[PDB]
C-alpha cells in the first residue's frame, strides 16, 4: 500500500495491473489466473496441469522453436505452475527485457496453438509423471488428506490426475477450460521493480484488447466434511527403513481470516520436522513437536504441524511418520499434542513459547519476502484473491500483538471442530494414513477420548 510503493489499477477489460517496490538490479513479472484443480469438477479433471505443462510452446504469432530460443536469450528464468487455487506464469529478467517477456507470456496465455503433437507429448509425459508422484509419500499423503477432507470436491478434487483420465484430455476440453478461466477479468498482471506507468503501457499493449468470453460462472464454495482413508504400506526397498504415515487434521482458516496470524503462530509453536533436522541454531528445535515428540519417541522419524490455508477454507493438523511397530500409538500421540495446546491446565501455552513462535513467524515471512520472485507471487495472488496487497507493517503488527490467550483460543476453536467457514463444514476430523489400517486402532474413539473434534451439529 504505502512503503511498498504498491500501486494497483485496472484496464478497461478488467485486467488488474499491480506493481511494487522500486528499481533494482533486475525485475520480476507474472500473469496470475484464478484457476486450479479445485475448479475442474469431474469434466475437466487434469486440464489445469496439462495447460501449465503446455505453457510457452507455440502460439499464433510465435513458432515453438523461436519461443524457446527467445526465452533462453532472456535468461531462461521463467515458469508456469499450478496448484489447487492457482495457475501462474512468472519470471525474473533484466530490466530492459520486461516488455519482451510480457509479450511472450501474453502470447502463451492468449494465443497458444496446442497442436496435436504438443498435446500428445505432454500427455505421454504426464503419465510418467503421475507414476513417479505416487511413489513419494510427501506428495501422496497430502493428496489423500485433501481428498478425504472435502470428499473429493473442490479443494479435495484430485490435484494428481487419475492416470486413466489423462488419455481423454482433448483439445476440446482444454479449450473449454481456457474459455472458462482465461479471461482478463479473471487475471492479474504483476511486476516488481517496474514503474506503474510503464507496466500500464506494456499491459495495455499486449493484453489491453483481450476480451472476455463471458462464460458460465462455476465457482463452488469449499465444503469441509472430514473423513478417513488408508492406502497399503509402501514397498520395502534396500537399507531404507519401513515407515507408516498418518495425518490428522481439522478444518482450518481462510488465508484472510482475522485469526490466521494466530493460527500460523500455533503452527510455528508446534513446529516439528524430521528426527534428523540438519542446520544450525534457529531451525526450531524448541518447538513442541520436537520437545514433546521427536526427542521423546524415536520410533517416530517425523512429526510436523501443517497449515493448508486457502481462499474459503483450510486444513490444520499434525503429520506423523513412524516404524510399523509404533503405529498403534500414533493417534494418541497426536491427540495428546493437540489436547495439550488448550485443554491441559498444566501445559498451557507459555509466554516464552508464544513469544518465540511469534518472532519465528515474523522472521520466515519477512525473510522469504527478500526474494523478488516471492514478493511478486505473493502480490499477484493477494490481488487475485481480494484485489489489495496487505502492507508489511500491518502484517507484522497483527503478529506482534498476539498474546498467549489468542493462540490458545484459536487452538481450541480448531481442534474442537468449531470453525465456521462459508462452506459450513462438519466438525469431523480428517484422518489419512498409509500402512496396515488395523495397526492404527480405533481412531475415532481415541480422538473422542480426548475431546477433539465435534459430534453434534
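Residue numbers count along the first chain shown, from 1.
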Out of 139-147 and 330-338, which one has CA B-factors that are higher on average in the deposited record? 330-338
Report the stretch with the higher mean CA temperature factor, choosing between 44-52 and 393-401 on the basis of the entry. 393-401
Largest Cα B-factor, entry values, listed residues 317, 75, 193, 279: 279
Sorting 118, 197, 377, 131 by Cα temperature factor from the record, which one lands on top? 197
Lowest, middle or highest third of the chain for the C-alpha temperature factor of residue 244? middle
Quick check for you: using the entry's CA B-factors within this chain, is residue 381 in the lowest, middle or highest third? middle
Would you check the entry's CA temperature factor for residue 215 and let me know if it's in the chain's lowest, middle or highest third? middle
Assert third(CA B-factor, residue 409) within chain per record equals highest
Name the third of the chain's ranked CA B-factors that contains residue 293, choosing lowest, middle or highest. highest
